[PDB]
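Below is one structure, written out as structure tokens; the observations come after it.
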2 protein chains.
Amino acid sequence: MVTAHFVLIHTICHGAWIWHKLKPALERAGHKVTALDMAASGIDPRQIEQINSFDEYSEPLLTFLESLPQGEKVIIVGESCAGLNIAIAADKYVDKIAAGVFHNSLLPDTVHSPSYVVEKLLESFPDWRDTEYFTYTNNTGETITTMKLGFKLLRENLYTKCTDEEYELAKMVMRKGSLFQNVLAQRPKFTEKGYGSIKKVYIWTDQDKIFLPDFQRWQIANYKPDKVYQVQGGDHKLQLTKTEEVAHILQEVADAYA
Amino acid sequence: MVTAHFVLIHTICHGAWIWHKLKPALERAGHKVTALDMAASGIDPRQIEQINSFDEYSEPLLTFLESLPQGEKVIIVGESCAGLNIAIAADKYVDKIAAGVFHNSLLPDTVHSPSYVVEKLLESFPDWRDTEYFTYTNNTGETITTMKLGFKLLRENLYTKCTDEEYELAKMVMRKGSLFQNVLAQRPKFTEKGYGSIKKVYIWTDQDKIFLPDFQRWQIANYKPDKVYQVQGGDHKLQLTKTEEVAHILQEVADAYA
């Protein structure tokens with residue numbers, strides 16, 4: 001068994017804290033784990049209204065990869081919307097990425113616009129329930145839509161099978177988030193030499209109540225991952241409801257690609 | 001029953017998230033629970049360097065108490081340094097407070113300087129180990145010392161018996177904090193009419209590895225609580241290591257004072 005360095009990237013609205021179970025589980029097997037707050041996420045001090053694009057939102061990941069000792073490679077694990085962070089990172093630091101791992105995650109491709117799978121997600125799940133939407137104006141006058149995830153959506157669609165303590169934790173540290181969808185729609189496509197070339201492992205459960213089974217299967221058919229690991233049971237937050245099974249899969253990713 | 005409403009107040013550097021286990025446990029017994037971030041704590045958007053005193057730090061507690069409808073009383077539960085928040089609040093909103101509950105907490109009095117029990121704490125536990133210290137200048141030219149709690153202090157002295165997952169969580173959301181000790185040392189003493197008159201319940205364990213038994217026993221002798229509950233085992237974070245037992249005690253507090 002290989003040991004690897006895993007970089008865990010939370011989804012919009014969330015923070016590094018979502019990985020509080022997975023990080024020590026991985027460390028038990030001797031892996032290195034880095035869990036980062038993206039901009040205006042977790043306890044990052046920036047407010048979302050000062051962030052102008054999904055690329056700017058991903059700054060902490062890019063900054064960390066720039067500082068990685070030369071010659072080292074990482075496995076980037078992204079949950080939910082963080083597949084976009086993986087693609088952004090791979091188009092700057094392909095040489096530093098052993099694999100990208102998608103965890104009930106958006107799976108961008110190279111032949112469509114970066115906003116493509118966001119559009120498809122929202123078509124598949126258009127009603128975010130008690131989630132509240134806000135707008136602000138960015139750097140160049142664009143209106144950015146932010147969301148505060150609703151408590152019922154959190155309880156029933158994101159944390160469906162998580163403990164009550166985990167759900168209360170989520171409410172206690174959740175931040176606003178944004179897809180920056182209109183800015184993604186004008187962004188250059190992810191490149192073949194960068195994102196297109198990395199190994200891609202897709203982890204998912206058909207019990208996910210926001211990234212629904214027809215949507216996730218559509219993503220898999222749209223851009224075939226190198227490996228697909230389906231996990232039985234759990235919910236959208238497999239790193240909480242199926243922590244050990246995720247850690248075991250991540251070991252297999254290290255054995256294959258690290 | 002009269003609904004008991006517990007207002008849970010974290011310690012410096014922490015946030016409402018520290019109560020993510022105790023809050024659903026209390027709600028299982030039918031109580032109302034409010035867990036607040038203090039200024040520059042948890043996901044509060046202010047930075048500590050803009051805060052000028054422990055009273056300013058207490059603003060979210062004071063603003064919440066202001067919002068309470070007439071006739072509604074709360075039981076304020078403070079952990080560790082939050083005993084100071086209880087005294088500050090009680091001097092402004094005594095009629096809204098059914099009781100203050102101290103949870104391995106500083107227990108200020110009314111006859112010494114507000115900084116008195118902070119000085120005694122630091123005499124008893126002077127070495128905060130790998131903690132890092134920083135300074136800034138406040139509202140009146142006082143230099144404020146802030147701290148970033150060190151990982152070893154967190155692991156061994158605060159979260160001694162907590163799960164690895166809880167310790168990892170703590171590292172992912174911890175903020176800077178300050179005792180504002182030199183500002184407390186110039187603050188008017190807490191009043192009899194306000195803080196002195198609230199009912200006070202002292203919960204502690206002699207296995208606390210930062211608020212040590214000679215210090216905690218000294219506080220009890222210095223300022224007699226109405227009730228003392230000593231919990232066997234656990235650690236400084238009894239709301240994590242002894243959640244159900246703390247909830248049982250808080251039921252007794254509600255029976256006595258709600």
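Going by the structure tokens order, chains are called A, B, ..., each with residues numbered from 1, while ligands are numbered from 1 in the order shown.
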Find the residues of chain A in contact range of chain B, meaning any atom within 8 Å when counting only C-alpha atoms, and list them as JSON, numbers by chain.
{"A": [16, 17, 20, 21, 23, 24, 42, 43, 45, 47, 164, 165, 166, 168, 169, 172, 173, 175]}
Fewer than 4 positions away in the same chain doesn't count, so skip those; otherwise give me all residues within 7 Å of range 110-115 of chain B, counting only C-alpha atoms, as a VMD selection string.
chain B and resid 119 181 184 to 185 187 189 to 192 196
Written selection (C-alpha atoms) as a compact mmCIF listing (two decimals), in the first residue's frame:
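Saved result, again-v5.txt, follows:
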```txt
# COMPACT_ATOMS: atom_id res chain seq x y z
CA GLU B 119 -4.87 36.37 36.69
CA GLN B 181 -6.87 41.01 30.33
CA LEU B 184 -10.64 43.88 32.15
CA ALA B 185 -8.15 45.03 34.77
CA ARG B 187 -13.06 47.77 33.99
CA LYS B 189 -16.28 45.63 38.91
CA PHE B 190 -19.31 43.48 38.22
CA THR B 191 -22.39 44.57 40.19
CA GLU B 192 -24.35 42.87 42.96
CA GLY B 196 -24.28 39.10 41.84
```
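Of the listed residues (A:225, A:126, A:78, A:234), A:225 comes nearest to residue 197 in chain A; the distances count only C-alpha atoms.
The protein and nucleic acid residues lying at most 10 Å from residue 39 in chain A are residues 12, 15, 44, 45, 46, 47, 48, 50, 51, 54, 55, 56, 57, 58, 59, 60, 61 and 177 of chain A, with only C-alpha atoms considered and sequence neighbours fewer than 5 positions away removed.
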Extract, using only C-alpha atoms, all DNA, RNA and protein residues at most 12 Å from residue 143 in chain A, discarding same-chain residues fewer than 4 positions from it, and format them as an MDAnalysis selection string.
chainID A and resid 49 51:53 134:139 178 180:183
With C-alpha atoms retained, export the selected residues as a CSV table (one decimal), in the first residue's frame.
```
chain,number,residue,atom,x,y,z
A,49,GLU,CA,-19.2,39.9,-2.1
A,51,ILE,CA,-15.0,37.5,-4.8
A,52,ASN,CA,-15.6,37.9,-8.5
A,53,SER,CA,-15.4,34.5,-10.1
A,134,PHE,CA,-29.2,37.0,-2.9
A,135,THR,CA,-27.4,39.2,-5.4
A,136,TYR,CA,-24.4,41.5,-5.4
A,137,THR,CA,-22.4,43.3,-8.1
A,138,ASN,CA,-18.9,42.1,-8.8
A,139,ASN,CA,-15.7,43.8,-10.0
A,178,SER,CA,-22.1,30.9,-5.3
A,180,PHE,CA,-20.7,32.1,-10.4
A,181,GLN,CA,-22.7,30.4,-13.2
A,182,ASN,CA,-22.8,33.4,-15.6
A,183,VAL,CA,-19.1,33.9,-15.2
```
Mind listing the strand (DSSP E or B) residues of range 72-224 of chain B, per DSSP on the backbone, as an MDAnalysis selection string?
chainID B and resid 74:79 97:103 132:137 143:148 177 200:204
With distances taken over only C-alpha atoms, which of A:107, A:81, A:247, A:179 is nearest to residue 146 in chain A?
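Of the candidates, the smallest distance to residue 146 in chain A is held by A:179.
Across B:239, B:104, B:160, B:140, the tightest approach to residue 211 in chain B is made by B:104 when counting only C-alpha atoms.
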Contact residues around range 213-223 of chain B with only C-alpha atoms at 10 Å, ignoring same-chain residues under 3 positions, as a count of residues only
29
All alpha helix (DSSP H) positions in range 166-235 of chain B, as a list in words:
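Put together, the selection reads residues 166, 167, 168, 169, 170, 171, 172, 173, 181, 182, 183, 184, 213, 214, 215, 216, 217, 218, 219, 220, 221 and 222 of chain B.
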Selection from above, C-alpha atoms, as a JSON list (two decimals), in the first residue's frame, can you write it?
```json
[["chain", "number", "residue", "atom", "x", "y", "z"],
["B", 166, "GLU", "CA", -13.59, 16.33, 17.17],
["B", 167, "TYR", "CA", -9.97, 17.47, 17.63],
["B", 168, "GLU", "CA", -9.57, 17.74, 13.85],
["B", 169, "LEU", "CA", -12.83, 19.71, 13.66],
["B", 170, "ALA", "CA", -11.52, 22.11, 16.30],
["B", 171, "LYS", "CA", -8.37, 22.78, 14.26],
["B", 172, "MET", "CA", -10.47, 23.42, 11.14],
["B", 173, "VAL", "CA", -12.62, 26.18, 12.65],
["B", 181, "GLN", "CA", -6.87, 41.01, 30.33],
["B", 182, "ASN", "CA", -5.41, 44.51, 30.71],
["B", 183, "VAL", "CA", -8.74, 46.06, 29.67],
["B", 184, "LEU", "CA", -10.64, 43.88, 32.15],
["B", 213, "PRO", "CA", -8.45, 21.15, 40.08],
["B", 214, "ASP", "CA", -6.71, 23.46, 42.54],
["B", 215, "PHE", "CA", -7.80, 26.43, 40.42],
["B", 216, "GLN", "CA", -11.39, 25.24, 40.04],
["B", 217, "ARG", "CA", -11.70, 24.40, 43.74],
["B", 218, "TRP", "CA", -10.28, 27.84, 44.50],
["B", 219, "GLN", "CA", -12.96, 29.51, 42.35],
["B", 220, "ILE", "CA", -15.73, 27.61, 44.15],
["B", 221, "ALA", "CA", -14.36, 28.68, 47.53],
["B", 222, "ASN", "CA", -13.83, 32.26, 46.32]]
```
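Within 8 Å of residue 2 in chain A, once only C-alpha atoms are used and residues closer than 4 positions along the same chain are dropped, the contacting residues are residues 251, 254, 255 and 258 of chain A.
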Which value, in Å to one decimal, gives the distance between CA of residue 201 in chain B and CA of residue 1 in chain B?
21.0 Å
